[PDB]
């Protein structure tokens, strides 16, 4: 399961998206240490603040199943460049993923930006601050 294959997983996950308000579908694929893949997609609500992102869906899914050790996260959306995770998602990612997990950001045109969880949100607010 290389990053290209994980990207294909995220591209498939994207098609499950429930985004009738923004019409902006996002897909995510989370790869665990053991090689299992969890797909995620954004799920919206008439009350916008309740919308849930693809990255979060995938992580919530994995964690709820007892899978907490990840190696890579791919995210895909039809954006100009590699899709940029929103601040809230970066926060969830920084909490649920170890700092060296690889985050693969892409769009639907082959643009690829790869970074670590740490780079995704440097000095991210964390439990240590509490």
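Numbering follows the first chain given and starts at 1.
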Stretch with the higher entry mean CA B-factor, where the candidates are 61 to 69 and 82 to 90: 61 to 69
Selected stretch [higher average CA B-factor]: 32 to 40 or 51 to 59: 32 to 40
Chain-relative CA temperature factor third for residue 101: highest
Residue 22 by Cα B-factor - lowest, middle or highest third of the modelled chain: middle
